[PDB]
Amino acid sequence: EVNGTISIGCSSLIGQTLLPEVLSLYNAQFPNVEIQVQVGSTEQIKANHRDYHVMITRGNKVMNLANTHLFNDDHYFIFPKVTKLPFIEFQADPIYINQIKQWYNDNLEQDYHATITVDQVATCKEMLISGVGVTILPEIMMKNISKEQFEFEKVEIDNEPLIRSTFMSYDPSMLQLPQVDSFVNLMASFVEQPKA
Amino acid sequence: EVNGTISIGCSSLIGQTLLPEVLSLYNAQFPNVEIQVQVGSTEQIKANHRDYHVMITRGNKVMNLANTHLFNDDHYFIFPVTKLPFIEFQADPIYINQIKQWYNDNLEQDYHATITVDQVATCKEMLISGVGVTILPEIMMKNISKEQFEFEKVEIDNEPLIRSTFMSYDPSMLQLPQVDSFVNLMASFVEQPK
């Protein structure tokens with residue numbers, strides 16, 4: 001049997017969408033593995049990289065590690081079925097937030113200004129659902145947003161969708177741990193789409 | 001005419017349940033206030049209290065601060081049972097030990113967590129995707145299919161297992177209009193008409 005412990009560090013939004021699905025598969029195949037999950041900012045995770053066998057983060061490849069591109073998110077601007085409403089911003093690295101800002105300016109009348117800022121995308125989405133304001137979300141976080149209360153407009157810059165990449169990172173030496181080699185191979189196949 | 005910045009630090013599960021609801025009121029009444037929210041563990045927030053005008057945490061009162069009890073949560077054991085993995089979240093040890101002791105008293109096996117997660121939110125998503133079973137605070141139970149899952153209330157000696165939520169702040173801070181505003185709005189908000 002595969003066993004021991006696997007310690008996973010990932011972006012907060014990953015811990016509420018992808019990871020539970022991956023862990024249903026993984027625990028079904030490798031039930032004697034004990035699993036530890038810690039969520040956080042990409043910068044936190046990368047900082048604590050040594051507490052984790054494997055990290056799942058957003059942005060770019062991590063330094064001095066193996067990286068596996070998992071997928072890309074599109075983005076939607078989401079609002080009540082607009083420049084008079086407050087915009088909710090979430091914390092991420094500055095290139096990304098700056099694309100969102102530049103888009104707000106290009107496609108809307110006012111200058112961009114965050115009224116509410118939260119650090120997690122999940123919080124941001126719940127702020128949206130409660131009517132605190134409008135926002136831009138990556139598509140993987142758009143489930144269960146009422147299509148009767150809200151309109152969804154896709155974010156493109158020039159004529160290119162605004163996208164963000166998710167990566168799995170690990171020290172290739174860790175694959176000597178059966179339980180890590182298992183998780184990494186399971187994810188390789190999990191992120192492939194049957195209908196390519 | 002109330003403005004400035006208010007900086008809120010709260011428990012993760014609060015940031016996806018209570019706080020958005022509170023902030024819809026607050027922003028409506030005090031639109032010229034800029035709001036910053038940071039989420040995390042109770043001990044994180046307590047560790048960073050210098051960054052926040054106001055904290056909302058779970059557990060006990062915080063030391064050398066004003067405290068306002070906001071409410072108490074009941075808990076439920078939620079399952080599709082001792083062959084299924086249990087999902088444990090991180091919190092202080094008295095509380096986790098109540099859950100362990102309860103699982104032992106009321107189920108056959110010894111308590112053992114197969115999956116452990118940092119946040120209650122993750123734990124709930126783990127639950128919804130069939131990873132396993134778990135105990136949740138009732139405020140985190142919305143949108144769990146009553147058709148796929150059963151819900152059993154957690155009692156210990158016929159007393160519900162409950163956890164408390166507190167708002168903590170330095171009283172001197174109420175000199176900031178935008179903080180005095182938020183604290184009074186929360187006083188109102190946590191009261192029940194009925």
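Scope of the values below: all heavy atoms of this structure, side chains included, with no hydrogens, waters or symmetry mates. Below, read A as the first sequence line, B as the second, and so on, with proteins coming before strands; counting in each chain starts at 1.
By the rule that hydrophobic residues join a cluster once side-chain heavy atoms approach within less than 4.5 Å of another member, A:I136 and A:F90 end up as members of one cluster. The hydrophobic cluster containing A:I100 also contains A:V118, counting ILVMFWY residues as joined when their side-chain heavy atoms lie under 4.5 angstrom apart, directly or transitively. Criterion: ILVMFWY side-chain heavy atoms under 4.5 Å apart, direct or through other members. Under it, A:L137 and A:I163 are not part of a common hydrophobic cluster. Under the 4.5 Å side-chain heavy-atom criterion for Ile, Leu, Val, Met, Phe, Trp and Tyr, A:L128 and B:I14 are members of the same hydrophobic cluster. Both B:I96 and B:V133 sit in one connected hydrophobic cluster of ILVMFWY residues. Membership requires side-chain heavy atoms under 4.5 Å apart, directly or through other members.
Of the listed residues B:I87, B:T122, B:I8, the one with more heavy-atom pairs under 4.5 angstrom with chain A than any other is B:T122. Among B:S12, B:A121, B:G40, the residue making the largest number of heavy-atom pairs under 4.5 Å with chain A is B:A121. Among the candidates A:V132, A:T115, A:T117, the residue making the largest number of heavy-atom pairs closer than 4.5 Å to chain B is A:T117.
More than 12 heavy atoms of other residues, nucleotides or ligands sit less than 6.0 Å from atom CG of A:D106. Other residues, nucleotides and ligands contribute at most 12 non-hydrogen atoms within 6.0 Å of the CD atom of A:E43. The number of heavy atoms from other shown groups lying within 6.0 Å of CG (A:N60) does not exceed 12.
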_For a side chain to side chain contact (heavy atoms under 4.5 Å, CB included) check, start with the C-alpha distance between A:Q120 and B:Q119, then their side-chain angles and the critical distance, and finish with the verdict._
CA-CA 12 Å; A:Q120 289 189 2; B:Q119 301 185 165; 3.1 Å; yes

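For A:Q16, the parts lying under 4.5 angstrom from a heavy atom of chain B are both the backbone and the side chain.
Residues of residues 21-34 of chain B lying under 4.5 angstrom from chain A, judged on non-hydrogen atoms, are B:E21, B:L23, B:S24, B:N27, B:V33, B:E34 by number.
When only modelled atom types and interatomic distance are considered, B:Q36 and A:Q91 share no side-chain donor-acceptor pair under 3.5 Å.
Atom OG1 of B:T17 sits about 8.5 Å away from atom CD of A:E126, to the nearest 0.5 Å.
Judged purely by atom type and a 3.5 angstrom limit, A:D119 uses its side chain to pair as donor or acceptor with the backbone of B:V39.
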